[PDB]
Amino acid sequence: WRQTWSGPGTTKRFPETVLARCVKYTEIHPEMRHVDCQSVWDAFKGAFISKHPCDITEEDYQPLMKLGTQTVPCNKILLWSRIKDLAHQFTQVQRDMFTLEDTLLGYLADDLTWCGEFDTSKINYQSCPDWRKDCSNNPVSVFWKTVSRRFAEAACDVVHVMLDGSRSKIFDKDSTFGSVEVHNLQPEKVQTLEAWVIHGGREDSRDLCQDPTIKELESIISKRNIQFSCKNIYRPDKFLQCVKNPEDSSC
């Protein structure tokens, strides 16, 4: 009648879903043919089964990271913050740019929740720790931090980030982008971080590249010895029109 934790529990059929996603990914992407999906799942399980779900570490996920090792085109990375759908829509069409969810490990875990229980092999399908209400070192949160760091470390040249220009803080220092990814871009390899600030409906005039939180991001990035650039996407529908058909003479 009562649940242990505040967050949603493990997604139903989690084991089968992860294995099936791995099979599909490794079928489509030829460079991942070497990957044994049962081994990936065993490694994924090993990270959190029989562990207290408030005591997960990045080391727990090391076997999975090793198996899910993947070369990503370093100059074609698209980061995003609080605007998942548009970023994915974009890379679904612009297939030569890659978000974290276009990597094997991001693909496996996208939109899923999982946790175990201490001193029993059971998956908890009733509840899982909420990052804020319960604890930060939980299976889902630790996974995303670990893979997000590794993804940001892979980037080179010009790295792009899609941001939501309709939000209160367009750049949020407390988001995963702001707290993990920005600080793990390697200054030796990354020339520029270019922000694309996506405008909300019909507000097509404000230069959001002058927003205070964008100036904050600019200052943080600049002080890491990386250049900052910013572009408004004033009218998102036209942007979508043009990505989908770039030969369109209106683009």
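From 1 onward, residues are counted along the sequence shown. Basically, rigid core = biggest C-alpha set you can superpose within 1.5 Å across the two forms.
Find the stretch among 12 to 20 and 234 to 242 with the larger RMS C-alpha deviation in 4 other deposited structures of this protein, all structures being superposed on the shown form by the rigid core.
Comparing 234 to 242 with 12 to 20, the one that moves more in 4 other deposited structures of this protein is 234 to 242.
Name the stretch that deviates more in 4 other deposited structures of this protein: 177 to 185, or 90 to 98? Use RMS CA distance to the shown form, core superposed.
Taking the RMS over all superposed structures in 4 other deposited structures of this protein, 90 to 98 lies farther out.
Taking the mean of the C-alpha B-factors per stretch from the entry, tell me the winner out of 2 to 10 and 242 to 250.
Stretch with the higher mean C-alpha B-factor: 242 to 250.
Between 110 to 118 and 77 to 85, which has the larger average Cα B-factor in the PDB entry?
It is 110 to 118.
Go through 147, 93, 162, 140 one by one and give the residue whose Cα B-factor in the PDB entry is largest.
Comparing C-alpha B-factors across 147, 93, 162, 140, the maximum falls on 93.
According to the deposited entry, which of 183, 223, 206, 215 has the largest Cα B-factor?
Highest CA B-factor of the listed options: 206.
Ordered by C-alpha B-factor within the chain, which third holds residue 211? Give me lowest, middle or highest, please.
According to the entry, residue 211 has a C-alpha B-factor in the chain's middle third.
Sorting the chain's CA B-factors, does residue 128 end up in the lowest, middle or highest third?
For residue 128, whose C-alpha B-factor we compare with every modelled residue in the chain, the answer is the middle third.
Going by the CA temperature factor in the PDB record, which third of the chain does residue 187 belong to: lowest, middle or highest?
It falls in the bottom third of the chain.
Based on the entry's values, in what third of the chain does the Cα temperature factor of residue 56 lie: lowest, middle or highest?
Middle third by C-alpha B-factor.
Against its chain's modelled residues, does residue 64's Cα B factor rank lowest, middle or highest third?
It belongs to the middle third of the chain when residues are ordered by C-alpha B-factor.
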